[PDB]
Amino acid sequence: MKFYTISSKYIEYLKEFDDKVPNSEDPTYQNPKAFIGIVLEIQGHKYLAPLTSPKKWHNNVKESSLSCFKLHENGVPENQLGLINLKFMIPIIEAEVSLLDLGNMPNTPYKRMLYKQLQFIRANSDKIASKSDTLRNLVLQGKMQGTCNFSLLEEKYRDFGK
C-alpha cells in the first residue's frame, strides 16, 4: 500500500453520480487530500480510500467498525494519526491517479507523519484489506448505509470522458 492523489476532474465526474465521493478541492487544505493505495482489488476494480485527519467524533468509533480503520503510531497508541475513511473509498483508473513523490518531497513534519502512517498501515495491511472486502459486501447487500454507492460507482467509473 502507498499514498496517492486523484485528479480533480475524475473526482468531479464521480461526484456527479454519488455526492459522497470525497472532496478534492478545498482552501483549508494545506496539502492535497491523500488516498491510501489499493485497499481492495476485486472483480477488476481497484479501490483507493481517503485518509482523514482527526476529528472530535473519532473517539466514538469502535476498533471493530467497518467504516474506519483508526491509525496510530506503532506501539504508541496515544499518538493518534487520523483514520482511513473506508466508507468513502472509490474505484479508480490508473490514468487519473498518481503516487505521492515521497522520493523528492522536502523533509517536513508532514512527510514525517506520512511515514509513521506508512509503517502502521503496512503492518496492518491484511486487516485493512479484509475490512474493505467485508464493508463492500455489506453495502452491496443493503445491510449498511452512509457509504459511497459502490454498486453505482462500479457501473459508471469506466465511462469518463465519453
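Residues carry their position along the shown sequence, with the first being 1.
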Residue range whose averaged C-alpha B-factor is higher in the record, 39 to 47 or 109 to 117: 39 to 47
Per the entry, higher mean C-alpha B factor between 153 to 161 and 3 to 11: 153 to 161
Peak C-alpha temperature factor (PDB record), options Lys56, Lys127, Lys70, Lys33: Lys56
Top residue by Cα temperature factor, when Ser132, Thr52, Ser98, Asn60 are compared in the entry: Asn60
Lowest, middle or highest third - CA B-factor, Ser65: middle
